[PDB]
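Backbone-built Cβ (ideal geometry, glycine too); neighbour counts: all protein chains shown. Bear in mind these aren't lab numbers, they're just calculated from the coordinates by the rules spelled out.
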Amino acid sequence: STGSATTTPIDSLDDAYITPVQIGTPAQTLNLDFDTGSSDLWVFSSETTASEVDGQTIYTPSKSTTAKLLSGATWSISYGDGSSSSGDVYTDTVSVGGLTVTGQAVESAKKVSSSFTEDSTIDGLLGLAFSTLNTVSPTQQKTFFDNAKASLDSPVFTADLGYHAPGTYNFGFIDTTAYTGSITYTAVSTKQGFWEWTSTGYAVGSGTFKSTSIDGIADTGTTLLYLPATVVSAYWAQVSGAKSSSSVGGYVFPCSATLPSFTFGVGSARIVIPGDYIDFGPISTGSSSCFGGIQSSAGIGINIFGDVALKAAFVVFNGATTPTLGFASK
């Protein structure tokens with residue numbers, strides 16, 4: 001089997017991407033944030049505290065003839081941005097782009113933190129990291145990809161995120177028309193539960209490539225590119241007037257600037273992030289200070305190849321017995 005679904009930016013900045021997912025019988029379609037940095041499929045629901053729902057579409061398990069309460073199971077998750085959610089668990093039929101999994105754990109939110117409530121466009125998350133990170137207790141549950149894998153034509157999914165435009169998540173096949181050149185594959189460590197890999201270096205604009213190992217994670221659920229402070233300082237030093245602002249929470253730059261590109265290495269291959277992809281717009285409405293899309297990871301503990309980086313590439317998440325990642329230009 002295969003599946004193919006369009007993913008759409010939630011706003012004009014590409015702050016996140018939503019993909020329609022069918023849950024239950026008859027289908028209830030929710031728009032989920034596909035997140036290769038986590039491993040829970042959770043949704044706003046009929047069980048979510050009413051004051052914490054503000055415009056999201058909810059899953060109502062009592063209206064699904066295939067929903068079953070997973071007795072005794074609860075979940076609770078905290079994300080790197082400080083947001084969180086928790087609740088109970090059903091199993092139900094879940095389909096993405098024509099690919100169907102029966103008995104998928106659908107984690108129903110009883111509580112969500114304010115940032116989820118405040119974002120009416122995201123009805124939940126669909127985790128695509130390794131199932132070892134799934135938070136369901138006392139019986140850990142498998143991701144949608146883990147459940148589908150054996151049925152797929154090939155044990156892979158691909159992320160093709162758009163810049164200010166829709167893109168595609170494919171399951172079970174590699175669309176050879178969706179990228180240019182060849183796909184360069186690179187080793188993955190699953191020891192932390194992430195799609196963790198080592199970039200071979202970077203360049204700023206037309207500058208020379210610096211060969212240096214940068215361990216980080218391919219994370220579709222993180223908006224920005226978070227890299228070591230040395231690398232980030234070298235980038236922003238090429239932008240007149242750019243500075244790190246403790247009060248704003250990162251590097252800002254004059255909105256009048258033209259940003260240089262940023263290149264990262266994948267083995268001997270190179271992925272170029274155009275400068276425009278690094279502009280996240282005014283820090284507040286009407287400001288001439290703009291927020292940068294490359295930020296320091298020094299306070300995180302891990303480097304994160306988030307959407308800013310991934311949207312410049314066609315990305316293969318290879319879930320073979322020994323997982324690997326592939327990157328192509330597009």
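When you go through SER213, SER244, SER233, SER240 one by one, which is the residue that is over 26 Å from the mean Cα position of the chain (by Cα), of a type in the set (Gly, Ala, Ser) and either part of a loop (DSSP other than H, G, I, E, B) or surrounded by fewer than 17 Cβ atoms within 10 Å (Cβ to Cβ) (or both)?
Going through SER213, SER244, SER233, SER240 in turn, the sole match is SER240.
So, of the residues in the stretch 135-167 that are outside any loop (DSSP other than H, G, I, E, B) and β-branched (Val, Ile, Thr), which turns out to be nearest to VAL315 (Cα to Cα)?
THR158
Taking the stretch 15-56 on its own, how many of its residues are buried (at least 21 other Cβ atoms within 10 Å of the Cβ) and assigned to a loop (DSSP other than H, G, I, E, B)?
Going through the stretch 15-56 one residue at a time, the tally reaches 10.
Just to be sure, is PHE253 assigned to a strand (DSSP E or B) and free of Cβ contacts under 8 Å to residues at least 40 places away in the same chain?
yes
Based on what the data block shows, is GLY167 in contact with a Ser or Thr (Cβ under 7 Å, 6 or more places away or on another chain) and within 20 Å of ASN134 (Cβ to Cβ)?
no
Against the conditions (1) over 18 Å from the mean Cα position of the chain (by Cα); (2) β-branched (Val, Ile, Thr); (3) crowded, with 23+ Cβ neighbours inside 10 Å, where does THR222 fall short? Just the number, please.
It fails just one condition, (1).
Which of the numbered conditions does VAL316 fail, given that it passes all the others? Conditions: (1) touching a strand residue (DSSP E or B) at 6+ places or on another chain (Cβ under 7 Å); (2) surrounded by fewer than 14 Cβ atoms within 10 Å (Cβ to Cβ).
Failed condition: (2).
Assess whether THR132 counts as being free of Cβ contacts under 8 Å to residues at least 40 places away in the same chain, more than 17 Å from the chain's Cα centre (by Cα), surrounded by fewer than 24 Cβ atoms within 10 Å (Cβ to Cβ) and not in a loop (DSSP other than H, G, I, E, B).
So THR132 fails the test.
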